[PDB]
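To keep things clear, I will list the structure first and then write my remarks on it.
Read-outs throughout are calculated quantities, based only on the coordinates presented, and are distinct from any laboratory measurement. Please note: Cβ atoms are built from the backbone with ideal geometry, for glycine as well, and neighbour counts cover all protein chains shown.
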Ligand SMILES: CC(=O)N[C@H]1[C@H](O[C@@H]2[C@@H](O)[C@H](O)O[C@H](CO)[C@@H]2O)O[C@H](CO)[C@@H](O[C@@H]2O[C@H](CO[C@]3(C(=O)O)C[C@H](O)[C@@H](NC(C)=O)[C@H]([C@H](O)[C@H](O)CO)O3)[C@H](O)[C@H](O)[C@H]2O)[C@@H]1O
């Protein structure tokens, strides 16, 4: 009876810490490199889809964002890299990044009219600009009111709002910075104006800045916007002697958990995922992926590898223990029932036969190993892509430094874990053949000649009942 | 030739098998605390009770009874205190101030602008928002209103001769209405002006109607600075200034953190404090609580990290243990590996002392490497960010979770990988004990195959020892 | 006659540690922790660093007279700045977003100073004002790149000036506001009392008012100058308007970049060597996965780590084990065997000898080389800066940076140490296994014909000349003979 190990037509290759390009009978890749090329719903909830609009564009009601979808609940934001329709009237948005991060993910979101336009009797309310032109006519941010002089008079404009919505409300306001003192007087009459905003938490007084600037969309003037979270049951007070750009609406918002923004050109598709990249969604149990660094969801660890191949079967031969590709020179393509087994040449016939108990125990072992590498990986929801202003470069560099930091830790460890485990595995199979061999040799004792090639030549006669 | 077995029900997992029973094991995952808030390296924490740092430094009257030490290693503060800005308002760079105060070598209050030297101004102002016994009071540390119907330019200054750096706080009053302004300060276009060698700051009050907070529409906006040794701070104001009377000498140190908790100091010791209790361990990992202060183990998302130290209990790469030697010997109590021997003078179990000792050193070392290579430094973990700092806080979470994942994955696999190497190690030891005996006896014995050698010749106690010894011939 | 299986021994005294043992003497060892530098500050990928001398970046950009002599190159890869220079803001004051400025300047593909608002064009204004705080040769002077605008005649007409960025590149621009000590100063300098400084671009809208107040004197001044900066995009325009107190730029700096680097705090001076990795003590030239030289490096560096040594066993246990061969049933090594790691003795009636088994020595050698290379070449190295700047109101942020850098410190050290402790034992076991296998290969051939002494040797029952020995080492041998038997 002969002792041998399985061999097949496999051309799969793995490396170990001692050998590269070793051919094995079976292998498991543990690096996910496939997506589905689709922007999907994350955990059952769609993304907010901004088209060519930016967040500021959208919130303020740039007329060019009139046709936006708007869902009441979203799980991330889809925004173009360099949108197109933002502040149609030129200016700036204070703490814009914090806002985007606030809005990035929401359980509920609903726009409500909080200070209706027509309540500003005493003030004119129809001022628009050609920078926000619809059909060549002057127009303005659909969610905001430009308050100007009426008749030739601008009385103290007061307006408050008690947040009885039932949820936290995001409110936005603006300050108009004129281009010249003339523009100032023709608009507001008063010359030493201020704009005042107040809650239980907020106290802000702003004074318009009247100066000549380079024209942007045809204007030396600017509008500076700002925001706040009006708490439940708190009240907001607006008071201005000119230059106020009052909100008509607010946004009850209720969140949730915080997510992120995804820069893409694509459009939602009605598939499902727990892990979205800008190239498509990943759906895996694997520990690592190399698809794209900017994921949103619960994702495998991003790693720099091209491949991470774990050996599972043995060395395919057409070791620490000296058996495989050792004193048993090669494998048996004829043995198909298992990894290790017997040959046995009889005067009743020949044949091959796997040793079911020792192949099953090797299989459970290798199954347990693969499962350990895979299920010990802890995966938690993260956004990754982040937003910093032009004055927060250090902070952005901090974040890159850190992201690169984990990239290198995970890459080194994954490359190496794989290298080291492959050599143990190959040694495991070697040990297993060696042990099956020794288990037979310890029985047959003197009754057989030990040929040296893993074969035992019986002195006596041994038929099927003997085998 | 055989190996140890016992009644151990201890389990470990390894990279190939789960739920393996081992004669011995070592847990290397600390998961216990003492339930106490303790002194940190022999230094107490500041106990704010129901007070905020702001309330405490401003002099909120509800804070009169605070303990105050001249030195502390962290700060204890409740989640959402209660006694903060009794008079509604705000505190610029409050979070930067907390981090600075979080740990102090020395901290002494010093009078820098005596209340009574403000002649020309009324100095008695207060509010029912800061009420003590239904009477209007004010921040105990802070002080300026019109006197007669006049608010002359108010100027105060102080040269830091205190021999240390000094924390100095000051305020601006924002009134609810112009009437409130004129009856407080007479003047209208007023300002407050703080200056040092380093700081230049001018503020103007915001008069305006606001939602009532403790019945006040008005607000108080506080700011601070560190006055250097021998530098001077200069206040100037035509109205609306809330001046400091006191300053705080401050010497640091190394920086720490605030601990959000409801407890109270208890007089024990620790090098690692957690919101649940103190941790006293040499163990490389714990899972007590993420928000720790001190020199702590790595925080890991694990329920158990159990490292086999003994062999597999049997009441492997090397085919001996639970292999060609089917079972253990509870009979053998001296060591891990040994001999039985059957004589015409008796029977016996005896452990092989040399090989047991070697393996023991071996394992001892393995446990010590896993444990003593863990580099532990002082850290606070728990951090403070304002509402307008949500990205920053999110970066911090991303980091703490990143590291939480790296150490977890690493601790789980190390334990799995080393557990199987250990069991394999015991296996190799017995194979080698067995092989060592085989290569001596040679022909003089029948090799039964259960790990036993039957002697052709007769082998008394003397010759038994010659086998267990290395001797024999 | 006997043939013996055995293994190499040498005079090495090199020690490694393994998960199970400590201070194990091996015949060969490879260090993977870099600890040597060259003492020099160098060009970094062929590109010199900007050398600032006793100057700070602020002082260099403003044109502190005391920085007049600075070399200045149109491209650098990192900046050298002393810890606490000396020649910064000669006139007391501040610089907003200073730290961001330094970050952006740290590393520049192109840098060129250009004249954007010629001092002489400020007719209607006085332009010659200076201070003895910026004094050259006892005389008042000023920031060489900046213009102090003051009253002329007794008149300060509104000052308007602009610059369209036709330079071809982004341009750094800096301006200042003078904050007087008192109202009389204000009037003697600018006539006007309610002044503002206004600065605007497509992107920037800023209006300041001078703050008039008594402050402690610095360099004898109660006044302060506060500076601000902006990057003007190509084809954008910057507008300055003021009725007083404006400190106006004469120059701007065209800037093209790049990839961003950092500042190195050092007293040293550039020395004309090369490196891809610069540290404050010296340049590092290495292929090694880890270093312990200095935490604050610039370039592509091995991973900094808190260890004193990381030595990897490459040879075997030096004895002049999992498989029981080495320092096992074969008690010792052979100093006499020089040719390889494992081989044969053999003692004939044609003489004695040692000989390495070349095939098994070469395999092992290939194996160990593959292991070292793995540990070494899987390390991914990219370009980083490390050293960082934070203002005094940014201590939490600095703590975040520190916690991060420390956190990675604890990961690499722990992992580096343990990888070495684990690989050393595997290396020792591997050599052991190799010998065991060489041993068994001979046992299986020789069979019955020899006596197995239990020490690694085989005593033959027959006679075995050199051609016979050869057949044993060759794997040939056989065996019918036999003799004896008889
Ligand atoms: C002490 C005082 O001035 N009280 C009330 C004030 O009386 C003024 C009096 O000083 C003057 O000589 O002649 C008339 C007499 O009535 C003046 O008007 O009259 C106001 C109008 O009713 C009251 O306003 C309100 O006060 C409430 C809270 O009052 C306190 C406070 O506890 O916060 C009382 C403090 O003594 C006072 N402190 C100082 C230094 O004046 C403060 C302070 O004025 C404000 O906090 C500053 O913002 O206010 C509520 O504000 C209520 O809504 C409002 O009607 C004066 O109480």
**Report entry** In nm, spacing of pseudo-spin labels at residue C:183 and residue C:398 (7 Å Cα→C-beta vector)
**Finding:** 4.0
Query raised in the report: To the nearest Å, what is the center-to-center distance of the stretch A:174-250 and the stretch B:260-316, using C-alpha atoms only?
Result: 55
Report summary line: Over the Cα atoms of the stretch B:233-369 the radius of gyration and the largest Cα-Cα distance (Dmax), both in Å, equal 30.2, 113
Requested in this report: Name the shape class, rounded, prolate or oblate, that the alpha-carbon gyration tensor gives for the stretch C:48-268, where a ≥ b ≥ c are the square roots of its eigenvalues, rounded holds for a/c under 1.5, and otherwise prolate holds if a/b is larger than b/c and oblate otherwise.
Outcome: oblate
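Just to verify a number: FRET efficiency for residue C:338 and residue A:347, C-beta to C-beta distance, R0 = 41 Å, to 0.05?
Working: r = 54 Å, r/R0 = 1.33.
After rounding to 0.05, the efficiency reads 0.15.
Based on DSSP H runs of at least 4 residues, each adding -39500 (n - 2.57), what is the mean residue ellipticity at 222 nm of chain B after dividing by all its residues, to the nearest 500 deg cm²/dmol? Working shown, then result.
Numbers: 6 runs with 103 residues, N = 473.
Computed ellipticity for chain B at 222 nm equals -7500 deg cm²/dmol.
Which of rounded, prolate or oblate describes the protein assembly as shown when judged by the alpha-carbon gyration tensor and an a/c cut-off of 1.5? The partial results should precede the final answer.
Numbers: a/c = 2.36, a/b = 2.35, b/c = 1.01.
Because a/c hits 1.5 or more and a/b exceeds b/c, the protein assembly as shown counts as prolate.
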Report summary line: Label model pair residue A:360, residue A:375: point-to-point distance (7 angstrom along the Cα→beta-carbon line) in nm is 2.0
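Name the shape class, rounded, prolate or oblate, that the alpha-carbon gyration tensor gives for the stretch B:1-115, where a ≥ b ≥ c are the square roots of its eigenvalues, rounded holds for a/c under 1.5, and otherwise prolate holds if a/b is larger than b/c and oblate otherwise. Don't jump to the answer; show the numbers that get you there.
Details: a/c = 4.20, a/b = 3.34, b/c = 1.26.
Since a/c reaches 1.5 and a/b is larger than b/c, the shape of the stretch B:1-115 is classed as prolate.
What ranking of C:466, C:211, C:448 emerges when the number of other C-beta atoms within 10 Å of each C-beta is taken as an exposure proxy, fewest first? Could the numbers behind the result be given before it?
Details: C:466 13, C:211 18, C:448 9.
Least to most surrounded, the residues fall as C:448, C:466, C:211.
Relative contact order of the stretch C:48-268: what whole-number percent is it, with Cα pairs under 8 angstrom and at least 6 residues apart?
30 percent.
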Query raised in the report: So how do B:82, C:426, B:210 line up by other beta-carbon neighbours within 10 Å, fewest first?
Result: B:82, C:426, B:210
